[PDB]
Structures are given as structure tokens and as C-alpha cells.
Amino acid sequence: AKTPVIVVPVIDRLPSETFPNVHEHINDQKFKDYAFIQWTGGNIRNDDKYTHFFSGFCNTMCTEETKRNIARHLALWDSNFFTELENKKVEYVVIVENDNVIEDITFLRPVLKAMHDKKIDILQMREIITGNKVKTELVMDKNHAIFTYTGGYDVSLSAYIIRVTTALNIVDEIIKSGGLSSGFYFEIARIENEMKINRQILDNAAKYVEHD
Ligand SMILES: [Mg+2]
């Protein structure tokens, strides 16, 4: 059962630029270890039914820009594709916005194994909060240690690995609780905390996933 590796377009360029050293083709989708995919749903105007991701209010309304960015992900988490991955017992998906570059995907294999073994639900592959962190070793890649630290109020959806049922549970709770309103990323953090979801931040993420 292959691990989906999903490119989410946020700028206009080919998905091959995100994975410049992958020698295959990346297939589109809407509505050897890896299945490379580009997810094209969840986009702006086509969202009369993404309204349940957000509360009725906020300001006058939330900016179409902030909503659009998070909607792309929530739509993916809430897709028939994901529920089918749950049916098919696929454990994790790798999700990367296409303004990132991952030159070397070999780190993913030992990282995914270690995540499985250590019951990690989310590996966030972009850092947000600066300052000293409490690191723990995740796994050794060739001759270098890969470290993580526990996530807090530093959610980013730029690039991450997530357990399929974890993604499904989060977006379902968002829908249940009436949609996001203000402090989108804070609320995602709180939902994860309430569910005792284990989110780790990849330390020195920039080494593995270069952000544009
Ligand atoms: Mg990004």
C-alpha cells in the first residue's frame, strides 16, 4: 500500500519543480514506495460547499485569501480520496505546497517508519517559532540524526506528513464545531491538543524542505 505524496498548488508552476529529482510523473486529482499526486480541489471560486469549513461571521467576512489557503487543505482532508484511504488502511500522506522544493526525498522512508513506530500523528516540515526548543531524536538518516520538537501554537500547512485518520478527525471536528472563525491556526492547534494528537515539528526543516 503506497504512501501518497501530494502536491498542493499555491503558485503557478509544474509539480516537478517541487520534486526535481523524482523520475516519474505526477497525476492530477479533484473532488515505488510513493504515489505522486497533484491535488487541485479546494480552490477559490468553486467553494459553495466549503462554507461549512468556516463560521457564518468573523469580520464583515474573512478575506478570501486566508480562507482559500486553509480551504485547500481542509478540502483535501475532507475528500472522498481520504475516506477511501481510510477504507484501504493507508496510514500516512505527505502533503507539500508547491512553493517548496524537496531535492532529496530519501529522508522520507526512515522518517515514515519512525513516525509509525513512535505513534507520531503529524510531522510538520516547516518551522514557525524561533528560539530554543527541546529536541528529541526521531531517526538516523545516513550518518545524521534527525530531530523533532513537540508542536505548539506554530501550525503551518506549508509541508507536512499526516496520519489519514488524524486529518479526517480534525476536519470533522471543525465541521462539527461549526467551522473556523478567527485564529484559524490557533484553533487547529487546540483541536489537536484536545484529541491528544501527537504533532512533531521537524527540526532544521529547511534542510529537507526548502521554502519559496
Ligand atoms: Mg507554502
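Here is what the cut-offs are and how they apply
- Residues numbered from 1 in each chain as written, not as in the entry; some residues may be left out.
- Heavy atoms only, no water.
- Residues with missing side-chain atoms left out of burial classes, pairs and counts.
- UniProt positions renumbered as here; feature names shortened; annotations may be inferred.
- Donors = N, O, S within 2.8 Å, 3.2 Å for Na, K, Ca; no water.
- Helix = DSSP H or I, 4+ residues; strand = E, 2+ residues; numbered from the N terminus.

The deposited coordinates, according to the entry record, derive from X-ray crystallography at 1.9000 Å resolution.

Going by the annotation in the PDB entry, the name recorded for the protein chain is Envelope protein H3, with Vaccinia virus given as the source organism. Its PDB record names the entry "The vaccinia virus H3 envelope protein, a major target of neutralizing antibodies, exhibits a glycosyltransferase fold and binds UDP-Glucose". The UniProt entry for the protein chain carries this comment under Subcellular location: "Virion membrane". In UniProt, the protein chain has this text filed under Sequence similarities: "Belongs to the orthopoxvirus OPG108 family."

Q: Hey, could you run me through the coordination of the magnesium ion in this one?
A: For a metal with four tetrahedral donors the ideal donor-metal-donor angle is 109.5 degrees, while six octahedral donors give ideal angles of 90 or 180 degrees. Those protein atoms acting as donors to the magnesium ion are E97 (OE), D99 (OD) and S158 (OG), and they sit at 2.6 to 2.7 Å. Spacing between the donor residues of the magnesium ion along the chain follows E-x1-D-x58-S. Residue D99 is found in the loop between β4 (92-97) and β5 (100-101), and its partner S158 is found in the loop between β8 (144-150) and β9 (159-163); the two are separated by 59 residues along the sequence.

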